[PDB]
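J.: To start, I am sharing the structure in question, which I have written as C-alpha cells.
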Amino acid sequence: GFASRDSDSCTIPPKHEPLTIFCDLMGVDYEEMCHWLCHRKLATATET
Amino acid sequence: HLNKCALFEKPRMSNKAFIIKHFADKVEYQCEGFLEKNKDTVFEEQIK
Amino acid sequence: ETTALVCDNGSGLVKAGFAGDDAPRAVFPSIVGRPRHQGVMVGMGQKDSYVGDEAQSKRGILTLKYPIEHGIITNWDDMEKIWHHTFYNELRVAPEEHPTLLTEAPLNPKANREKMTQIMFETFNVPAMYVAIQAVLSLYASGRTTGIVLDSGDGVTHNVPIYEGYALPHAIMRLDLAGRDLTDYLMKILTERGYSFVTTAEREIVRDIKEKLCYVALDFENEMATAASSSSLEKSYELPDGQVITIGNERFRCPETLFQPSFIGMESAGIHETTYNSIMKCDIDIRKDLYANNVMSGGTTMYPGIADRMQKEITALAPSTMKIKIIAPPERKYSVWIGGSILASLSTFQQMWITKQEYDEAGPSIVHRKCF
Amino acid sequence: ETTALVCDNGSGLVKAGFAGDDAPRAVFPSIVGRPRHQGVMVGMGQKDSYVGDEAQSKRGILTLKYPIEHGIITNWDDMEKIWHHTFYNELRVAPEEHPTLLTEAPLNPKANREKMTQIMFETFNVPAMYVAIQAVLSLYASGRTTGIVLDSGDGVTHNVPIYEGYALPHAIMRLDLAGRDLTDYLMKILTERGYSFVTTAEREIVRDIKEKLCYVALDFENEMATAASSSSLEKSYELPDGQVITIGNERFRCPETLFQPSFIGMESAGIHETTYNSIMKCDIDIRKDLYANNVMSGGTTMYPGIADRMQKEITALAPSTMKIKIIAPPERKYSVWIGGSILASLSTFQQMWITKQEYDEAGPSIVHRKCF
Amino acid sequence: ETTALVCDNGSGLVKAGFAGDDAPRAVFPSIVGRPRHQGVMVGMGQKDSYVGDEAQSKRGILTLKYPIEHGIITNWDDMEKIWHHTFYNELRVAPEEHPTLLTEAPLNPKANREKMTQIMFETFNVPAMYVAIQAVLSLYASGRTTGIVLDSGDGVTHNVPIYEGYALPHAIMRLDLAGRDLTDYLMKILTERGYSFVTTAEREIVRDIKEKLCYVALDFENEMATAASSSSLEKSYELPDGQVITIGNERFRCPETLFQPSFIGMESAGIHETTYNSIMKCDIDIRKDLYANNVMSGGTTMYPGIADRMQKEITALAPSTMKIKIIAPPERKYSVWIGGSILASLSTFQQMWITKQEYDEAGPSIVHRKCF
C-alpha cells in the first residue's frame, strides 16, 4: 500500500511488512523493489 | 454513434451505460470501471 | 400509484421533485452554455453545449444564456434542453410515465402556455399536465387559505390577493424587477470600487457575492450617511482567482432597489407600494386579514432583515390603526415548490389535470379553458 | 501498419521517430555545414555539404548555417536538405509511404506553413501531412487537459494557455529569447575572464559548456554576492583542444536573462512575468487551475533550480490565497516530441490529416482551411 | 472676459485649447518616455523623462508609457508630467489665470475623480474646474440636442443616448474595443506576413499603418472573397528604416473587430448591436428619434467606409419602416474638445464651474455629488 507524497509522487512507508515478506519470499532486494515500485525509467538511445 | 448507427442506443434514464443490439439480444453495459480494467503497463525494470 | 412531478421552472433556478417529497430532488441554475473559444485539443470528447451545473462548473470556456426572461420563454431550442436534463438526467424519471405540474408567473404572454402545452404533450409526451400560479402554492406551503402573496424570485416578482381560496384577478400586481436585476445592478455599482465584471462567465460571481454578503436596510437614507463614517460597514470576500475584494456602500445601495425602482429610470414603485396598491385594489371587507397574511416567497426574499423593512414600510403607508404582519419562514426559497408537492398529492386535486386526449382534441388553446 | 512519423523541426535540434514510441529514434542538430577553405586534395571522393552529426564532427573545416531561426524556416533549399537527410539518411524510411506530423511555434508567419506544405506534397511526395502547435503537444505528454505550458527551445520561447482543451488564442505569448540567444550571451560574458569564441565552428562548444555547468539562483543578488566573495562555487572544463577554462558566478548569469531581459536590452518581460501576464488574459473563473498547472517544456527549461525559481517568483506575483505549482518532469527536454507521439496515435485524430488527394484539389492554401 | 482651457484626458491623445475656438491648439500623444539602456555619451543635458512629441521623436532609444488604459489613469506621476507640459510649455499660459475643463468616461471608478480634481486645484493651481461625461460634450459640440452617441476612443467604447438635452443613465453599454486594441491586434495579425513588432516604440509604428492603410468593408465576406481571389486590393507602406511592406485581406480584418469583438476574445457584440441595444433600453416615445440621429464619437470612428457600414447594419436590426441616418462630421476626432470648448464659452455656463473656493470649503468629494 503506497503513500501519496504528492499528486505526482508516492512512497512505500518505511519497513513495510507486505513488501518485506514479498522480498524475502521472492529473493529480491527490498531497496530495489522499493525504488522500482515508486519510479520508472525512460530512455532514448543517448540518455535515460 | 448515437444517431449515426442503427445498432447503438442510449438507455433513456442514463448517461453511464449504452446498448448494443447484439446478435442474441440488446445488451446494456454500464461504463463504470472499464478504463481501470482495460489498462496494462508493466515497467520492464520491475521484470528485470 | 404513480406520483406526479412538481417542476417550478421559475426563472434563474429549476426546482423539481415528486409530489409527497418534503424538499426538491433537483435544484440547479436554469442555464444553457455554449463554447466561445477555439476548439484546439483533438479527441477531447467535447460536448456542443451544456445544461445546469456543468455549464456553471465549466463557465470560463463558455458564453452563458438564460432562455427565460421575465417569466417568458424566449428561446425554445435552448429551453427544451433544460427540461430534457431535468427529467432524464437530474431527476432520472421518464416524463412519459406520469403527469406533470408546472409553474408560471401571472399576467405572462398568452402564447407561453400554448408553447409549453404543445411541447409537454407533443415533444416530451407527458400523459397529463396542469399549470399553477407560483404564489398560490406559497399559500398551500405556508398552510394558509387567505393571504396576499408576494412571490419574489429571479426574473419576476408578483402579488396575488386570495381570500379563502378565492382569487382576486383585478388585484394582481406584477413587477419584473427581481434577483437578476439586483445582479445586473450590482455590476453597475461595483464598477465604482474598481472591481470589474462585464462578461457572462463572471456575472455568476456577482450573483454569488449577492447571496453571501447582502442585507436589507431598515432605512437607506441614514445608512447613506453611515458609509462616510464607518469601515464596520465593509466586508471582504475571496474571488476564484484568489483576489480579495472589499465592499462598503454597495451593500445597501444595490440590493435594496426592489424597495426603490426609481433608481433605473422606470415609472413604477417598489414591492412595498405594489403590495399596498394590490390591497387598495382588493375588496374592503377583507383588508385586516390581508395585512395580517402577507406571505413572502421565493429565493430573492431570503435576506436577513427583510421582514422588519416590509413591516415598517407597509405600516408607514397604511393606517397604523390597521395591523401589518409579514410571514417570512426559513424555508422561503422553496415554498413555491413545497406547495406544489402537497397540492399535487391531494386526492381532491386529481380531477384538475389537462389530459393528452383533451389537448389532442382541442389544440394548444385548452389551458386558457381549463386552468385560470 | 503505415504509422505516422513525428518530426519536430523545432529549431537547432530535430527529434524524429515513429508515433507510439516513448522517445525519438533520431536526435541531431538541424545544422548545415559548408567547407570554408578551398578543398586542397584531388581524387578524394569529396562531398559538397554536410548535415547534422557530420557538421558537428567536422566543424573546424566548416561554416555552420542554421536554416531555422526563431521558428521561421529561412532557407528552403537548406531546410529541404535537412528533411532529405532526416527521411533518407537518419530514419532511413521513404516519405511517400507514410504520413508525417510537423511542429510549429504559435502565431507564426503564414507562408512558413505553405512552403512547408508544397515541399511535402510535391518534392517528398508525402501521402499525408499536418502541422500542430509545439506547446499543445506538451500537455498530452505531461498528462493534463488544463495547463499553461512554458515551451522554450533553441529557436523561440512561448506560453500557451489551455483550459480543458480549448486553447485561448488572444492569451498566447511568444518571445524571441531562446536557447540560442542565451548561448550568444554566454560568449559576451565568457569574454570577462579573457576566454574568446568568435567563430561558427566554436559556438557549438559554448553551447556544450552551457549545458553541463549552468544553474539558476533562487534569488540573484545574494548568489551574485556569494560567488563574488567565495571561490567555492567555481568549476573547470576541458575544451576539445585540451585547454582548461574555469568559471565562477558566470555559470548562473546566462539563465538569469530569461527572468530579466533588460540584461540583453529587450523591453519585453521574460519567462515568469509573461507566464503571469498570459494567465491574466484568460477570464477569471479558470485562473486558479492555471496557477495549479504550470508545465515546463523543451530544452531551455532544463537548468538545475529553475523549477524552484518559477515556483518562488510566481508566488511573488500571485495572491497569497493561492497554491502555486510547477510541474517539472525530468523527461521534459523531449516532451514536445513525446506529445506528438501520443497525438498522431489517437484514433479520433485520423480524420484530421491533409491528404495529398485533398491538397491536389485545393492547392497550398489548404493548410489554414482544414488543419490546426 | 476669462476664457477656459479645455483639455481632453481622452485616451492615447490629449487634445487641448482655449474656449470658443474651432480646433485644439495642442494635439499630442498622451505619452511619457524613459530610457532603458546604460547611457554612453557624457554631459549631454540628459533628462528624467520626455513628454508628448519628444517621446515620439526619440522613440527608438526610449520605452514609452501610457499613464491611461481603458480611460483609467493607472500611473499618476506621468500624467502629472503631461498636464505640466500642457500648461507650461505647450499652451504656454499660467494655470491660475482662468478656468480649465476636464473630460471623463461614464460609469468609471471612484478614485479617478478625486485625483483629477485635487491635482488641478492644488498642484496646477487652476482657479475653477469641471468634469464632464465625454458623449454629452460630443452633442453640445456637433450642433444637436437629440442624438445617440456611440462614444469610442483609444481605451474605451460606451453608449449614452441623449434626448432634447436629457441624457439617459439606465441605457449604458460599455465595451473596451478602442484605437489601441485595433493596434495591438494589428501587430498580432501582421505577424501572419512575417513582419514583427515587440516594443513600445514600434507598437506606435503599427499605429501609423492602422491610420493610413486600413478601411472598413460595406460587407466583409464578398470583399474577403474578392481579396482571396484577386490580389488587386493589396497596397504598400514605407517603414521608418526604408523597407516596404504590403497588406491585402488583412487591411479590413483588424478594423472589422469593431463589428466582431469575438476576434479579440470578448463576449459582447460589436458597435452596431451596442447602438441598437442601447436604443432598446429606452421607452417607446423616443425610439424613432434615436434611430434617426446617430452621432459617432472618438477618433476610432474615423475609418473611410465606416458610416455607410453603420447605416447598413443598424437598418438590418431596426424596423425597416424607421429611418437611419449616420451623422459623421469631419471634426469627430476632436468633438469632445469642441463641445467642452464652446459649452465653456456660453455666458450662461459660467455659474457651473467648481471654484477653488468650493473645493477649499467642501474638499474634492463634491465631484461624486455634483457630476454624474
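Chains as they are written, first to last, in the deposited numbering: chain A, 339 to 386; chain B, 531 to 578; chain C, 4 to 375; chain D, 4 to 375; chain E, 4 to 375.
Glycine included, each C-beta is placed from N, C-alpha and C at the ideal position.
1. Report the option in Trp356/D, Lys61/D and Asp184/D whose CA atom is closest to the CA atom of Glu205/D.
2. Below 9 Å between beta carbons: does that hold for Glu207/E and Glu253/E?
3. Using a Cβ cut-off of 7 Å, pull out every chain D residue sitting near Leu380/A, in sequence order please.
4. Write down the C-beta distance between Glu214/E and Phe255/E rounded to the nearest angstrom, noting that I regard them as a contact closer than 8 Å.
5. What residue range does the beta strand (DSSP E) around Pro164/D cover?
6. Taking a Cβ distance cut-off of 9 Å, strictly less, list which residues of the stretch 304-331 of chain D are near chain A, in chain order.
7. Could you list the residues in the stretch 90-114 of chain D with a C-beta less than 9 Å from some C-beta on chain E, going in chain order?
8. Would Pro172/D pass as an interface residue toward chain C - the criterion being a Cβ-Cβ separation below 9 Å?
9. So the beta strand (DSSP E) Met176/C belongs to, where does it begin and stop?
10. When you compare only the Cα positions, how much space is there between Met325/D and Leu153/D?
11. Taking Cβ-Cβ distances below 9 Å as the criterion, which residues of the stretch 258-280 of chain E are in contact with chain C?
12. Whose Cβ in chain C lies nearer than 7 Å to the Cβ of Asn545/B?
13. Looking at the strands, I want to know which residues DSSP matches up with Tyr133/E.
14. For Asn297/C, name the three-state secondary structure that DSSP assigns.
15. Anything in the stretch 175-196 of chain E with a Cβ closer than 9 Å to a Cβ of chain C? List those residues in chain order, please.
16. Report yes or no: is there a C-beta of chain A within less than 9 Å of the C-beta of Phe538/B?
17. Checking the sheet assignment: what are the DSSP bridge partners for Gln41/C?
18. Just to confirm my understanding: we take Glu237/C, look at its own chain, exclude 5 residues before and 5 after, and list those with CB closer than 6 Å. What are they?
19. Can you tell me whether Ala554/B is helix, strand or coil according to DSSP?
20. Can you list, in chain order, the stretches of the beta strand (DSSP E) that have 3 or more residues and sit fully within the stretch 43-86 of chain E?
21. Quick one: what's got a C-beta closer than 6 Å to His73/D's C-beta in the same chain, skipping five residues either side?
22. Evaluate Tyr294/E with the Cβ neighbour count: other Cβ atoms within 10 Å of its Cβ, from every protein chain shown; 16 or more gives buried, anything less gives exposed.
23. Any idea if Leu189/C is buried or exposed, counting beta-carbon neighbours within 10 angstroms, 16 or more meaning buried?
24. May I ask which residues mark the beginning and end of the beta strand (DSSP E) holding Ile248/C?
25. Counting contacts by CB-CB distance shorter than 9 Å, is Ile287/D in contact with chain E?
26. Beta-carbon within less than 7 Å of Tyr306/D's beta-carbon, same chain only, minus the 5 sequence neighbours each way: which residues are those?
27. Would you check if the distance between the CB atom of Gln49/E and the CB atom of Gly55/E is smaller than 9 Å?
28. Verify the CB distance criterion: does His73/E have a CB-CB separation below 9 Å to chain D?
29. Assuming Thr304/C and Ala331/C make a contact with CB atoms under 8 Å, what is their CB distance in whole Å?
30. Please state the DSSP three-state secondary structure of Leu221/E.
31. Helix, strand or coil for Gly182/E per DSSP?
32. Identify every run of the beta strand (DSSP E) within the stretch 295-333 of chain D, keeping only runs that are complete inside it and at least 3 residues long; order them along the chain.
33. Using a threshold of 9 Å, state whether the C-beta atoms of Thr66/C and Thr229/C are closer than that.
34. Roughly how many angstroms separate the alpha carbons of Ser33/E and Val17/D, rounded to a whole number?
35. For the candidate residues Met176/D, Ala174/D and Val209/D, whose alpha-carbon lies nearest to that of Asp187/D?
36. Cβ of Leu349/D within 9 Å of Cβ of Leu104/D?
T.: In brief:
1. For the purposes of this step, residue 205/D is taken as residue 202 along the fourth sequence, with counting starting at 1. Answer by Cα proximity: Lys61/D.
2. As a first step, residue 207/E must be located in the fifth sequence, where it is residue number 204. As a first step, residue 253/E must be located in the fifth sequence, where it is residue number 250. For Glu207/E and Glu253/E, no; Cβs fall outside 9 Å.
3. For the purposes of this step, residue 380/A is taken as the residue at position 42 of the first sequence. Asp25, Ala26 and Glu334, listed in chain order.
4. The sequence position of residue 214/E within the fifth sequence is 211, counting from 1. The sequence position of residue 255/E within the fifth sequence is 252, counting from 1. Contact doesn't hold; Cβ gap of about 15 Å is too wide.
5. Your numbering for residue 164/D matches position 161 in the fourth sequence. Run containing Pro164/D: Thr160 to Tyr166, per the beta strand (DSSP E) assignment.
6. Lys328 and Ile330
7. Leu110, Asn111, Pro112, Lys113 and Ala114
8. Residue numbering aside, residue 172/D sits at position 169 when the fourth sequence is read from its first letter. It does: the Cβ of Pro172/D has a partner Cβ on chain C nearer than 9 Å.
9. Here residue 176/C is taken as the residue at index 173 of the third sequence, counted from 1. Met176 to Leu178 is the extent of the beta strand (DSSP E) around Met176/C.
10. To locate residue 325/D, count along the fourth sequence from 1; it is residue 322. To locate residue 153/D, count along the fourth sequence from 1; it is residue 150. About 20 Å.
11. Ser265, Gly268, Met269, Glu270 and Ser271
12. Position 15 of the second sequence, counting from 1, holds the residue named residue 545/B. Per Cβ cutoff of 7 Å: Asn92.
13. In the fifth sequence, counting from the first residue as 1, residue 133/E sits at position 130. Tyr133/E is bridged to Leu104/E.
14. Residue numbering aside, residue 297/C sits at position 294 when the third sequence is read from its first letter. Strand at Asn297/C.
15. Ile175, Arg177, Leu178 and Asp179
16. The residue given as residue 538/B occupies position 8 in the second sequence. Not closer than 9 Å to any Cβ of chain A, the Cβ of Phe538/B fails to qualify, so no.
17. Numbered from its first residue, the third sequence carries residue 41/C at position 38. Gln41/C is bridged to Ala170/D.
18. The residue labelled residue 237/C in the question sits at position 234 within the third sequence. Counting only Cβ-Cβ distances below 6 Å, and skipping sequence neighbours, we find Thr249 and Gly251.
19. To locate residue 554/B, count along the second sequence from 1; it is residue 24. Correct three-state label for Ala554/B: coil.
20. 65-68
21. As a working note, residue 73/D is residue 70 in the fourth sequence. Taken in chain order, the residues that qualify are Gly158, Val159 and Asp179.
22. Mapped onto the fifth sequence, residue 294/E falls at position 291. That one is buried.
23. Counted from its first residue, the third sequence places residue 189/C at position 186. Answer is buried; the Cβ neighbour count reaches 16.
24. As a working mapping, residue 248/C is identified with position 245 in the third sequence. From DSSP, the beta strand (DSSP E) with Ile248/C extends over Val247 to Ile250.
25. Your numbering for residue 287/D matches position 284 in the fourth sequence. Cβ-Cβ to chain E under 9 Å: no for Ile287/D.
26. Position 303 of the fourth sequence, counted from the start, is the residue given in the question as residue 306/D. Result list for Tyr306/D: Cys217, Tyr218, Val219 and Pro258, in chain order.
27. In the fifth sequence, residue 49/E corresponds to position 46, counting from 1. In the fifth sequence, residue 55/E corresponds to position 52, counting from 1. No, the Cβ-Cβ distance between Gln49/E and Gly55/E is not below 9 Å.
28. Mapped onto the fifth sequence, residue 73/E falls at position 70. It does not: the Cβ of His73/E has no partner Cβ on chain D nearer than 9 Å.
29. Reading the third sequence from its first residue, position 301 is the one you call residue 304/C. Reading the third sequence from its first residue, position 328 is the one you call residue 331/C. At roughly 6 Å, the Cβ-Cβ gap stays under 8 Å, so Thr304/C and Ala331/C are in contact.
30. Within the fifth sequence, the letter at position 218 stands for residue 221/E. The answer is coil: DSSP assigns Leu221/E none of H, G, I, E or B.
31. To locate residue 182/E, count along the fifth sequence from 1; it is residue 179. Helix.
32. 297-300
33. Here residue 66/C refers to the residue found at position 63 of the third sequence. Here residue 229/C refers to the residue found at position 226 of the third sequence. It is not a contact, given that the beta carbons lie outside the stated cut-off.
34. By 1-based counting over the fifth sequence, the position of residue 33/E is 30. By 1-based counting over the fourth sequence, the position of residue 17/D is 14. Looking at the two C-alpha atoms, the distance is approximately 48 Å.
35. Here residue 187/D refers to the residue found at position 184 of the fourth sequence. Looking at the Cα atoms, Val209/D is the closest of the given residues.
36. The residue given as residue 349/D occupies position 346 in the fourth sequence. The residue given as residue 104/D occupies position 101 in the fourth sequence. No, they are not a contact pair.
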